[PDB]
């Protein structure tokens, strides 16, 4: 239902399915479906959720790598950064997003970058995952339009909870 720019394919899943849990485990796999390279420092990804009792939070990138169309392997775990943002206009299943960014790296055509993430409230208290917009339980990465990706701030994949889609589309 949701339009895409066509430069990225975003696949996704949460590896922890429990409704009540004190870590959320978003996993991203972003493929460059264009024929020109992408500078990863211009890519951001957002996972939208409800914090369920505002407390400070921490994000860990447990692992990230860029994998070439032919199989080359570049570890970039230490290049991945997370920032928690309280939304200026919440929706029913989103008052916060985790925004993932990168300090460097290059995504060639056909390459993909995998990001395995984890976040918690600093006191390890519970979240509820059933009121989280971006949550998606699966056994492997699947295409998922409720996480969003941006190149230099321009939305190219997914639908924001507030309704925004790729510019010029409906």
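Numbering follows the first chain given and starts at 1.
- In this entry, 49 to 57 has the higher mean Cα B-factor, the comparison being between 138 to 146 and 49 to 57.
- 112 to 120 and 64 to 72 differ in mean CA B-factor, and the higher of the two is recorded for 64 to 72.
- In the deposited coordinates, the residue among 83, 96, 92, 79 with the greatest CA B-factor is 92.
- When the modelled residues of the chain are ordered by C-alpha B-factor, residue 5 sits in the middle third.
- Among all modelled residues in its chain, residue 25 ranks in the lowest third by Cα B-factor.
- Per the PDB record, residue ranking by Cα B-factor puts residue 152 in the middle third of the chain.
- In the PDB entry, a CA B factor belonging to the middle third of its chain's modelled residues is recorded for residue 103.
- Annotation for residue 15: CA B-factor lies in the middle third of the chain's modelled residues.
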